[PDB]
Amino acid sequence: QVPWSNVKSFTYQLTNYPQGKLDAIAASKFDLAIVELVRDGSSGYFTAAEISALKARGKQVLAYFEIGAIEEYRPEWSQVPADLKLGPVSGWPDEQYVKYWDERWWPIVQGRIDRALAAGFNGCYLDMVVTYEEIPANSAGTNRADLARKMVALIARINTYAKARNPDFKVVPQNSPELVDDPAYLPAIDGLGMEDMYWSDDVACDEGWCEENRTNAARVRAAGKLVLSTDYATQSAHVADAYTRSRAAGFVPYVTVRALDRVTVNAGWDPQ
């Protein structure tokens, strides 16, 4: 395997696995792959044998899963009572933000960690960290800063649990880099995934919020964590700009399509 410290490229695909298999990802030349635990968006977990097949080609493999929301099409839906739900993510009630600090949410999270370990992933790639800021500020009867501390506490809980079972198992939150301000954050993570720092569907991330994301990523990188940047662009000047600026900042870039439904290969930028 490529060591964690020498990861210099990654691909990232969450759906549309051909024939429900990882063969195209296995064949690609990236140092690291982010894939779902499941081949079907639901309960068809990839097996140790399938994950081993990627690792044998030298890749680190991270398991994407959400820690801040649940969806009706996911197997744990029926374990989530109404009291854990905080509202629709994108208007559709079949995708709900959850009370991620609640002890009743922990078995769902734990079960995903356990599945990641059972399939021999190298680590986890944690989505819906942003739940901390997307739910009402009074969701825990407190405020936004308390919700932030709760989300960092959950990431730290994940890390301690996972490392106890595999001390090599990496923890990589996606987005929400500003959580780095909490002292419990950097001791709980091994890397950070950041979307949309440079190019978002071929539109520049040129707002103040973009710059704050980049400088918070710089904070995480300064603490020796792997930063995997994903940008979304097909225009060649934009692809080049994301790769160039990401690498200049000390990050590891990938540029792909928002659907995350294929292994994009950007000739001249990605390994071939």
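Numbers follow the displayed sequence, beginning with 1.
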property: Residue range whose averaged C-alpha B-factor is higher in the record, 69 to 77 or 106 to 114; result: 69 to 77
property: Entry-level comparison of average CA B-factors, 91 to 99 and 120 to 128, reporting the higher stretch; result: 91 to 99
property: Selection from 182, 83, 168, 190 [criterion: highest C-alpha temperature factor in the record]; result: 83
property: Out of 37, 226, 34, 53, highest CA B-factor residue; result: 53
property: B-factor third for the C-alpha atom of residue 48 within its chain; result: middle
property: Modelled-residue ranking by C-alpha temperature factor, third containing residue 148; result: middle
property: Chain-relative CA temperature factor third for residue 173; result: lowest
property: Third assignment of residue 219 from its chain's C-alpha B-factors; result: middle
property: Cα B factor band for residue 204 (lowest, middle or highest third within the chain); result: highest
